[PDB]
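Analysis of the macromolecular model
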Amino acid sequence: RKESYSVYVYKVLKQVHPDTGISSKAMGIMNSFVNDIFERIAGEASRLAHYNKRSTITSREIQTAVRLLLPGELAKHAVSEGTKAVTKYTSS
Amino acid sequence: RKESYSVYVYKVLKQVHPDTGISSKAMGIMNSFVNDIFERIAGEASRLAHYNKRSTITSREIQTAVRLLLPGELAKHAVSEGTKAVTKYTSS
Amino acid sequence: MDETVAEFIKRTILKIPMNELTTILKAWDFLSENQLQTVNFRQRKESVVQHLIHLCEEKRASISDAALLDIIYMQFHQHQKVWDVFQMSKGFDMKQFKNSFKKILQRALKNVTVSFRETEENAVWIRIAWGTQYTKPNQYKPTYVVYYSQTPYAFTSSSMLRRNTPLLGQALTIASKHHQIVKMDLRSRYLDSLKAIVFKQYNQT
Amino acid sequence: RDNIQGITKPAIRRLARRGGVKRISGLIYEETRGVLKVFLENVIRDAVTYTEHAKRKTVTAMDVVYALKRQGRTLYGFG
Amino acid sequence: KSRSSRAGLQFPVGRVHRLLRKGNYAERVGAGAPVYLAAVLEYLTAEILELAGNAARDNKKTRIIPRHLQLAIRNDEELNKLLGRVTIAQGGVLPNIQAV
Amino acid sequence: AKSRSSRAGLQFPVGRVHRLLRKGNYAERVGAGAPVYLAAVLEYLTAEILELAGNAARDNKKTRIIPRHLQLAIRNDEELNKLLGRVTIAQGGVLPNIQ
Amino acid sequence: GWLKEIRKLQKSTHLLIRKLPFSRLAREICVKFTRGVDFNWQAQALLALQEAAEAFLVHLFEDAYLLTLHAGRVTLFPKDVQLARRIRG
Amino acid sequence: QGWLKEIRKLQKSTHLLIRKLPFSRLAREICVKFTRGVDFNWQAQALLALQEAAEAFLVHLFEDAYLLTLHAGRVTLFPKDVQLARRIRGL
DNA sequence: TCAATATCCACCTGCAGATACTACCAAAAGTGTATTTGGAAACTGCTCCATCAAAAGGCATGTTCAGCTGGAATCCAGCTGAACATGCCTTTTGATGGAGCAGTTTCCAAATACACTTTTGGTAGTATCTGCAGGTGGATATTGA
DNA sequence: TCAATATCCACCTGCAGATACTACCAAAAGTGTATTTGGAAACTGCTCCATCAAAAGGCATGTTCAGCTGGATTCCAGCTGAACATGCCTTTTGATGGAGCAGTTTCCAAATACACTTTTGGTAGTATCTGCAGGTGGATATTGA
């Protein structure tokens, strides 16, 4: 009945730091982190489509929201990653 | 093609200060004022229904949002006015 | 390449109808026909231009190539601009004209960009992007000139940027075998119509 | 000329006086210019994103208002 | 037979309904929400306009301008709290000098 | 048969993100590529923070991450602190700072 | 007297920075984010930006002169502008 | 000394500094003044959340305010410092 | 306190830029009537966790003293504001473009529904292992000498 | 500089709580497939409102001075911290019932669709009329004495 992001956080952790664990209090913080950024990005993407009279949210709205929210080099790398993901999703 | 709240602001003004006019720059400020409060109240009402797993926005959500946003005595009077409006709307 | 030329080329290409993009690209010839065959011209325009821009990045494109592309674009879309006529009187090979024109403008103004392309009937198309003694040129407000060497006539486009017309006229008059210039009583959006009447007057005076 | 030396001493003195300031040190005129540049960079960056998204080459007032509203600053008199 | 008249209001009940429906606030919207919200908006509008007209009267004028709105807002303890992260065009500041 | 996270090359879920976007009253329609982009962004940010936190844990000679380490990571970084400046980490403490 | 100028400038509402310098600066900043393209600017957008900037600066000066007096001074120092920004966030 | 050892020790730690029963008692007393005079129940995680938030608020305020003692050439914390910090923050 | 000079208020006149008032219109939008559907309220039951008690001892409280610091008074030199003469940059105006905004077409990507795998969350149960506390044991600065 | 005392720092031991792992399962959630539909891209085109130059006069620039303030020094009394001895209040643990949460009915309220009437936004052409600028007359505070 309850759902979370813990599985995927654990995978990513074993992918960057294979020797390192994580406590239960900390994964709550990480789950809260993921829920917050989702809400922010989707909220900005909702408005851009309303401002421009669009009824559909696409990857362009998410990209623009990423540019607006995230600071500096972090936005640059996030844009690169998302673009690659879409690129190799389409080519399958 | 463009729409605004100027008609109703002018009515309210002639209802509180019959001798007094209003300039065009100021009514822009008032129109901006009305659009801002609408967005805030409706945004809070959207979340309360999501937090509690409801698909409908009612007068109770608006009332709670009014209590949360507005400070002190101002919320009290706003609640009174809205309750009276609904009461005499239903009785017709 | 520089981030300022990538945007220029992207903006230039996004203006071109899909019905004739391949013809323009072939005339430009910067990209090889194999690279063109590599591309898909059916997906939406943004992805197509992303691919073509990546191809340009693999190579090394300079502001000269983009200026050539812009010149080629205007050869097809002449009607976008209003064209005015100039006449020269009181009177060199093509290379001397090119060098003299370029050197005149470069002497008057420190920062400029000039480009030429030939065309039938001994025509030369010129694109100028104006700068100053302190600032870089503007690539999005240029000036285009059509000059026919075997004639004293020169046709000019109406820029949203004045303050350089007399210098342009002086450079035209000096680089060529003439010493004065004037403006004719003809102006319209249709270059070919001006052309026809102008050479009708030229051949039948 | 550097386009920020066009923000002059008298203008800064006037803003300070409207803020109630009696005396001003000579090192306040360069500090204020940096503050202003930072503010403008932050607002304009977001304004340009909103209008490039819409595929325009013209910055409108709504783009500026949206940017400010993001930054935590809400401006009424425009639309 | 209009909804604003049935409720005793000057503000538009139908327009508020349409704007709630089109704004992606929820999948459904009830019938008392627009009237309740319109009434709240009217209350706040009139509450501001009263003080602005009073400030105009104090300044010996018959027409309201943004300066008067600013004075009204910043001299009222609650409206300032509601509108404390807001700047009003052509409003200026409140006079304030202080001894050291 | 095949998932969409795998086509995209991701660990985060692309179906769940789609579901949450549709159920959140964000817009009438939702495209195919939006969830992919968003999941990729979230994965990137998680990995960044976890890397920094594991480094902080190792410096303190520990094998397990706790909120202290995330706080140190976030406040020692000039960008994550700007993204998370209005945020308080439970059981995280403060940075040592005298004077 | 400083006292007459403060009183006069607190009754007024007009803008204090001149238009063309502000426009030049704002266009100089824009061109760095647009990658060489000279964007156009509505006339009602520059006024918005100017109103916002002037408000920001006035309120900052207020907050800082609150800190000059805390220290027993009358003269405004950069020392005092920096600290107000830190505390505001 | 003794103040420096204590400062170093306390910045190195994470635990809560106010005792729990007093905070609970105060929060309940405040709640009862709302609710129209009826006593609500509280989950435990709720009181811990509130306590964490409060201690964070106070520590950060003390940080912001000891910057104004040194501005004034002092070493001792006074109440005017806290008042001015709250004013400048906008609270 | 004297007092002239700005300066402060107040009143007046003039005018012009902006607000109210009519017409009109016609496009968009809101209202009224039936019909169907499904979301949420009302009722019942269950079990989880939050209130409420009673012992133990560890942290808080109170008193006193020594020293550190805040605050007030001098004094000196740096530096900001005020005034005046001058000239350069901003404001205002008129003329063209070029880009935004509205219109038409069509095609590609999204919703919709149904059938089929698969993955994730929860529950026993296992065990194991990381780190915290304790204590030994070596070795450094420190404020009183 | 000396150094015992804290104090720091490291190192080793033991164990208890919390982590990680395996198995089951089942359900609910995601995937694949086919159909239909509607939003948005692509291309035209036209009118608005943005940009570019020019002419001049008003605000800014530069120099000097003198009066005010910032900053360092000295002195003294108030007030904070540290230490030590009590004891009172917090913490931990355990039986108990009240309230949250899930499941079932149903019924009232919202969405959908069509017709019809009302309202609001924009333009043309007015006509006021309110507020600002300049002009003049009367009256006081502060500059210096």
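Numbers attached to residues count from 1 within each chain as its sequence is written and can disagree with those in the entry; no residue without coordinates is shown. To label them, take the chains in the order written and letter them from A, then take the ligands in the order written and number them from 1. Scope of values: the displayed chains only, which are part of a larger assembly. Only hydrogens and water are set aside; all other atoms, that is, all heavy atoms of the structure, feed into the side-chain values.

Determination of this PDB entry was carried out by cryo-EM to a resolution of 7.50 Å, according to the record.

1. So, the protein's contact with DNA strand J
Here a residue is near a molecule or strand as soon as one of its heavy atoms is found within 4 Å of it. Close contacts around DNA strand J come from 62 residues, with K141 and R162 of chain C, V74 and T75 of chain G together with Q1 of chain H the closest. A breakdown of the atoms of DNA strand J within 4 Å of the protein gives sugar and phosphate a share of 98%. Contacts to DNA strand J include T75 of chain G, whose side-chain N or O atom sits 2.9 Å from a phosphate oxygen. Runs of E in the DSSP output that reach at least two residues are strands. Runs of H or I that reach at least four are helices, and both are numbered from the N terminus. Elements with a minimum of two residues in the surface near DNA strand J: β1 (21-22) of chain A, α1 (6-16) of chain B, α1 (9-18) of chain D, β1 (28-29) of chain E, α1 (4-8) and α2 (14-22) of chain F, β1 (40-41) of chain G together with α2 (20-33) of chain H. A total of four residues in the surface near DNA strand J trace back to one element, the largest contributor, which is α2 of chain H. In the scheme used here, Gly and all other residues not listed as nonpolar or charged are polar, with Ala, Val, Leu, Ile, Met, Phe, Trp, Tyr, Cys and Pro taken as nonpolar and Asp, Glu, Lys and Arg as charged. When its residues are assigned to classes, the surface near DNA strand J shows 18 nonpolar, 15 polar and 29 charged. Any N or O atom pair separated by 3.5 Å or less is treated as a polar contact, with the protein-specific requirement of one donor-capable and one acceptor-capable atom, and with residues adjacent in sequence counted only for side-chain atom pairs.

2. Observations concerning the interface of chain A and chain F
Any pair of residues with heavy atoms lying within 4.5 Å of one another is described as a contacting pair. Of the residues lining the interface, 53 residues belong to chain A; the matching set on chain F comes to 50 residues. Buried area: the accessible surface (1.4 Å probe) lost by two parts on joining, summed over both. If you sort the residues of chain A by the area they bury against chain F, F38, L74 and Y89 of chain A come out on top, with a joint share of 14%. The working definition used for a salt bridge is a side-chain nitrogen of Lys or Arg within 4 Å of a carboxyl oxygen of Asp or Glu. Viewed at the interface, chain F and chain A are joined by one salt bridge. Between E3 of chain A and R19 of chain F there is a salt bridge, with the nearest N and O atoms lying 2.6 Å from each other. Along the contact surface separating chain A from chain F lie eleven residue pairs in polar contact. Listed by contribution, the elements that provide at least two residues to the side of chain A that touches chain F are α1 (6-16), β1, α2 (24-51), β2 (56-57), α3 (59-69) and α4 (73-90) of chain A. Looking at the side of chain A that touches chain F element by element, the count peaks at 14 residues for α2 of chain A. When the residues that make up the side of chain A that touches chain F are grouped by side-chain class, the tally is 27 nonpolar, 17 polar and nine charged.

3. Section: the sheet that holds strand β2 (residues 113-119) of chain C
Where strands meet in a sheet, backbone hydrogen bonds hold them as pairs that are either parallel or antiparallel. Residue and element names in this part refer to chain C. Within the open sheet, the six strands sit side by side as β2-β3-β4-β5-β1-β6. Their pairing is antiparallel. The two strands at the open ends of the sheet, each matched to only one other strand, are β2 and β6 (180-188). Averaged over all pairs of adjacent strands, the angle between their axes in this sheet comes to 25°, without regard to strand direction. Against the sheet, helix α5 (residues 63-76) contacts β1 (83-89), β2, β3 (123-129) and β4 (143-148), and its axis sits at roughly 50° relative to β2. One requirement defines pairing of two strands: DSSP has to find at least two bridges between them. In this analysis an axis means a line fitted to C-alpha atoms, helices contributing only their contacting stretch, and an angle means the value between N-to-C directions, from 0 to 180 degrees.

4. Describing the interface of chain B and chain E
On the side of chain E, 52 residues touch chain B, which itself brings 54 residues to the contact. Between chain B and chain E, roughly 4,900 Å² of surface is buried when both sides are summed, and carbon and sulfur atoms account for 74% of that area. Of all residues in chain B, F38, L74 and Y89 of chain B give up the largest surface area on contact with chain E, accounting jointly for 14% of the area buried on that side. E3 of chain B is the partner of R18 of chain E in a salt bridge, and the nearest nitrogen-oxygen pair spans 3.5 Å. Remark: the boundary between chain B and chain E carries eleven residue pairs in polar contact. Put simply, the parts of the chain that give the side of chain B that touches chain E at least two residues each are α1, β1 (21-22), α2 (24-51), β2 (56-57), α3 (59-69) and α4 (73-90) of chain B. Looking at the side of chain B that touches chain E element by element, the count peaks at 14 residues for α2 of chain B. Its residues assigned to classes, the side of chain B that touches chain E shows 27 nonpolar, 18 polar and nine charged. The pairing of β2 of chain B with β1 of chain E spans two bridges and is classified as parallel.

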